[PDB]
Structures are given as structure tokens and as C-alpha cells.
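Take a look at the letters that make up each chain.
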Amino acid sequence: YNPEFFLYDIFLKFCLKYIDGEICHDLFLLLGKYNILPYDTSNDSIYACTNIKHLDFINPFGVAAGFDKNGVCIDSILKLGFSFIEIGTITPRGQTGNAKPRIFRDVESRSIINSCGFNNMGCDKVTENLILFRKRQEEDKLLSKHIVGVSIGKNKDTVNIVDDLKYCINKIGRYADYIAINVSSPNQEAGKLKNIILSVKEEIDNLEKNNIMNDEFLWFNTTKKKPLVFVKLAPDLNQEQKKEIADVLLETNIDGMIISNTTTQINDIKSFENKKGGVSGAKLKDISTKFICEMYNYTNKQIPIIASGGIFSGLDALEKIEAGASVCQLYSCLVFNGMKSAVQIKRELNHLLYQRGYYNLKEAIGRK
Ligand SMILES: Cc1cc2nc3c(=O)[nH]c(=O)nc-3n(C[C@H](O)[C@H](O)[C@H](O)COP(=O)(O)O)c2cc1C
Ligand SMILES: Cc1cc(Nc2ccc(C(F)(F)F)cc2)n2nc(C(C)(F)F)nc2n1
Ligand SMILES: O=C(O)c1cc(=O)[nH]c(=O)[nH]1
């Protein structure tokens, strides 16, 4: 209980009941931009730290893509106690997205429907923002070791999806701790997808070539090493194409997989009966967890997993890991539970880890 968190969460509870979803979002992002949000300055339990390959996360909680699409509020979101943030999904050139209002929420069910249609300032401007953050990070004790990933995607009317992701890697790759391939927005063909992943890895490695500087100056990023490659998957898939994707990921030795994006396969919300778009929140929890189990099966525990979503509590979080999720991303929780989300969930998971018998977090990964 940090007083500052409780005070803001009254205003946020008010904002939730009354104000438009996206207008709130933008206001809080704006607040964070001018550095007036609370910090979590506490020490994270070394027993609860985690990693994906050589990418080390000080704690298992980050913020999902679509939250800070333009990377304007990275410091403050991180400093709420998150280990990482995944900015974007960015596109090569700026987009307005769909028509407003395009995001709607339901308190009762703790869910969100959205059809943003990939609005973002474009790569050039977002890269400009990330550079500015990376400079600050060198002069801020609270941002050390904190991971920033970049979710990349195509424009709504792109000629070929691969050519777009290359342009993005060329601008932002230097400054990303990892790259999340986004082709899972509700708003693929095995070989078509396989082609993409290999393009990305091939394209990242070209950045190391063309530079005359050592890697240490090559990576203006937390790792100081080349970006890892994650792929994000949509849940609305057959047991067949889920098998087909799993091999592709194995054949490309992809660094990890984000499971999962939003669904359209939910019909049982009375306020959502009106609206169009993908759905996230509590009603996505159980569907998303089964998906992780499934993809953990067809992958033989070889490719690490980033979990999302429906994650609101340490309990919810633990399910994902036992299922075998290495790390977790939150989006809906910050909307409903608020600014204490990171502090609350980290605490709750620390308690539960002890009671279940687990020594460290890593021992809980992939245990029924
Ligand atoms: C308004 C909104 C925008 C989103 N934008 C993106 C996006 O641009 N890229 C992406 O990969 N996921 C996006 N997502 C999905 C989230 O990243 C997350 O995976 C999903 O919300 C499920 O997690 P949650 O139920 O805990 O929120 C968006 C979700 C919402 C609600
Ligand atoms: C009140 C509120 C706040 C908010 N966004 C929001 C919540 C926390 C923070 C933090 F950084 F934690 F301070 C920042 C932004 N959203 N987002 C949406 C959505 C779903 F439309 F996208 N509805 C919202 N309603
Ligand atoms: O930009 C969007 O509309 C969007 C992207 C995404 O990946 N997921 C989502 O729910 N919305």
C-alpha cells in the first residue's frame, strides 16, 4: 500500500465509470509522460526473477503491446514496477486506424473489446521516442536492467508483409531488446509465416554486418546484444493449424512465442453484442491458458513462452506458468485493477510460490 497508488486509483475508478476508454488511456499516458505517476522502488524477490534465453527479466511482469503504441510513456509504465514493456504494434508509416470510439470496456466481466486498426505515429517517430528513452535509461537508476520490446506489423494495405517488417527492424532494431512479430490482430500459411520469421532474423543480423562499431555500441538497448525474436499468435485457430505453426517455430529456432492475442469467439457479453473487434480481459483467461498448454505440447518445451492475457492475480499468473509460461504480460489488469497492478500481482505471486513449495519461479514453469 503506497498512498500515491491509492489516491490515483480513486481518480482511475472514476475515469472508468464515466469517461471514454481511449480518452482515459491517453490522459494517463500523458500523465506518465510528464513524470507524475507513482514509482515502485522496492526490491524484487530474486526467487521470482526469470528469463527467455540470455534475456533476463528482473520480475515476471510486463505490459502488453497496444498500451504504449508510440513509446511516449515508457519510463513511467516501467517504474510502476514492471520488468518490461512491449511497445507498438508499430507500422512503417503513420496510421489513424479505425473510426472512434473504437475501444469499449465492461467492469462486470473485466473485459475489453477493441478495433483500433493499428493506429501509431509510424516507425520514424516511434524510433525517435525509443532513442530518447534509451538515453534517459543510462541516467536513471530505476530503469537499469528494464527490458523494452518492440511489436512490429504491417500497414492495413501493405503490398507484402515481409518488406514492412524489414523497414521497421532497420530503424528500431538497434534499440529493441527484442522484436515481437505481430500478424495475429483480428482487426498464417505455414511457409508464408516461416518466410517471415526467417526474414526477421536475417534482417536483424544485417544490422550487425553493416555497422563498423563493436556490438557494445551496436546495441543501444538493455541487453547490448541483438534483439531476440518473438512471434505473437491469435487464439482463434484449429487444433490443426496450431500443430502446423508449432513446427515452423521449431524449424526457425525462434527465440520465443507470445501466447496470445485477442479473440472474436466470444458472444456472451450483453454490451459487446453491439460492438465489433477483438476481445481481451477475464473471459480470455481460460481460453488463453489452454492455448499455452497446446503450444507447449506441440513444441516439446523448446520454445519459451510469454503469456497473455486474462491475467489479473498472482493466481491467474501462476496458472500461466505452471502451464509453462516463462513470463507474463498485462493489459486489462491496468485498466480494471489500476496502477497497483504490478505491486499487487508481484506480491500475490511471491506468496503463492512459497505455499506451493516452489524454490524459484523457474521451477514452476511447465508443471501441469
Ligand atoms: C485497446 C487494445 C489495443 C491492443 N493493441 C495491441 C497491439 O497493437 N498489438 C498486440 O500484439 N496486441 C494488442 N492488444 C492485445 C494485448 O496486447 C493483450 O495481448 C490482450 O489484451 C490480452 O491481454 P489482457 O486480457 O490481459 O489485456 C491490444 C489490446 C487492447 C485492449
Ligand atoms: C480508467 C482507464 C484507464 C486506461 N488506461 C490506463 C490505465 C492505467 C495506466 C497506468 F499507466 F497504469 F497508469 C495508463 C493507462 N484505460 N485504457 C482503456 C482502454 C481499454 F480503452 F484501452 N480504458 C481505460 N480506462
Ligand atoms: O490495433 C488493433 O486494432 C489491435 C491489434 C492487436 O494485435 N490486437 C487487438 O486487439 N487490436
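Residues numbered from 1 in each chain as written, not as in the entry; some residues may be left out. Chains lettered and ligands numbered in written order. Heavy atoms only, no water.

Its PDB header names X-ray crystallography as the technique used to obtain the model and reports a resolution of 2.95 Å.

Structural notes on the UniProt feature "active site" in the chain
Defined as follows: UniProt positions are given in the numbering used here, feature names are shortened, and annotations may be inferred rather than shown by experiment. Helix and strand definitions follow DSSP, with helices as H or I runs of at least four residues and strands as E runs of at least two, each counted in order from the N terminus. By definition, residues are in contact when any of their heavy atoms lie within 4.5 Å. Definition of a polar contact: a pair of N or O atoms within 3.5 Å, with one able to donate and the other able to accept a hydrogen when the atoms are protein atoms, and with sequence-neighbouring residues admitted only if both atoms are side-chain atoms.
When the UniProt feature table is mapped to this numbering, "active site" covers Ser185. Along the polypeptide, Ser185 turns up in the loop between β8 (178-182) and α6 (190-210). Non-local contacts of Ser185, meaning those with residues more than four positions away in its chain, are made with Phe118 and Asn261. Here the side chain of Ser185 touches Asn187 through a polar contact of 3.1 Å, landing on its backbone nitrogen.

A word on the layout of surface pockets
Which parts of space are left empty comes out when a probe the size of a water molecule is rolled across the atoms. Condition: Only protein atoms enter the calculation, which uses a 1 Å grid: trapped sets of points that fit a 1.4 Å probe without letting it out are cavities, open sets showing protein on both sides within 12 Å along at least five of seven lines are pockets, and any residue with an atom within 4 Å of a point is a lining residue. Grid points are joined across faces, edges and corners, and a volume is the space filled by probe spheres set on the points. Classification used: nonpolar for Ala, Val, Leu, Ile, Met, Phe, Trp, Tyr, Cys and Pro, charged for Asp, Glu, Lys and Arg, polar for all others including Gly.
When its volume is computed, the largest pocket comes out at roughly 590 Å³. Contributing to the lining of the largest pocket are 33 residues, with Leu29, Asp68, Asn70, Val72 and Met121 lying nearest its centre. Elements represented by at least two residues in the lining of the largest pocket include exactly α2 (21-33), α3 (74-78) and α4 (123-137). Of the residues that constitute the lining of the largest pocket, the class distribution is 12 nonpolar, 10 polar and 11 charged. Put simply, the second largest pocket is a space of about 430 Å³. Along the walls of the second largest pocket sit 23 residues, with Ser42, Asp44, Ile58, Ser144 and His146 positioned nearest its centre. Of all the secondary structure elements, the ones that give two or more residues to the lining of the second largest pocket are β1 (50-52) and β2 (55-57). Counted by class, the lining of the second largest pocket contains 6 nonpolar, 9 polar and 8 charged residues.

Remarks on the site of ligand 3
Note the following rule: Near is defined per residue: the residue qualifies when any heavy atom it owns lies within 4 Å of the molecule or strand. A 1.4 Å probe and the Shrake-Rupley method give the accessible areas. Residues count as covered only by the protein chains that appear here.
As a matter of local geometry, ligand 3 sits amid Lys69, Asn114, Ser115, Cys116, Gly117, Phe118, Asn182, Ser185, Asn187, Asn261 and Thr262. Contacts to ligand 3 include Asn187, whose side-chain N or O atom sits 3.1 Å from a nitrogen atom. Contact with the protein chains covers 91% of the free accessible surface of ligand 3, which is 290 Å². Looking at the shell around ligand 3 residue by residue, the classes come out as 2 nonpolar, 8 polar and 1 charged.

Notes on the packing of helix α1 (residues 3-18) against α2
Defined as follows: Interaxial angle, 0 to 180 degrees, is taken between N-to-C directions of lines fitted to C-alpha atoms, where a helix line uses only the stretch in contact. Small angles under 35 degrees read as roughly parallel and large ones over 145 as roughly antiparallel, with 65 to 115 read as roughly perpendicular and the rest as oblique. By convention, the crossing between two helices is left-handed when the near helix turns anticlockwise from the far helix through less than a right angle, and right-handed when the turn is clockwise.
As a packed pair, α1 and α2 sit with axes 11 Å apart at the nearest point and diverge in direction by 155 degrees. One element, α1, and the other, α2, form an angle in the roughly antiparallel class. In the packing of α1 onto α2, the handedness of the crossing is right-handed. Residues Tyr8, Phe11, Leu12 and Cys15 of α1 pack against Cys24, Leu27, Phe28 and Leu31 of α2. Its residues assigned to classes, the contact of α1 with α2 shows 8 nonpolar, no polar and no charged.

Some details on the packing of aromatic side chains
Just so we agree on the cut-off: Aromatic contacts are taken between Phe, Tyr and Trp rings whose centres are within 6.5 Å, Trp giving its six-membered ring; a plane angle under 30 degrees counts as stacked, one over 60 as edge-to-face, and the others as tilted. Should the NZ of a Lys or the CZ of an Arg lie within 6 Å of a ring centre and within 35 degrees of the ring normal, that charge is described as sitting over the ring.
Following the criterion strictly, the structure yields 9 aromatic pairs and no others. For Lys242, the ring lying beneath its charged end belongs to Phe291, and the centroid distance is 4.8 Å.

A few points about the nonpolar core
Spelled out, the test is: The criterion is simple. A nonpolar core is a set of buried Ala, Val, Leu, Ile, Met, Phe, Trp, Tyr and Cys residues joined through side-chain atoms within 4.5 Å. Residue exposure (1.4 Å probe, protein chains only): buried if accessible area is under 20% of the type maximum, exposed if over 50%, otherwise partly exposed.
Formed by 93 residues in total, the largest nonpolar core has its most connected members in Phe82, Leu130, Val150 and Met295. No other element matches α6, which puts 7 residues into this core. If we skip the residues at most four places from it in the chain, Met295 touches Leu233, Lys242, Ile245, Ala246, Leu249, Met257 and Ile259. Counting 12 residues, the second largest nonpolar core, distinct from the first, contains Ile147, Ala180, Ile258 and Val327.

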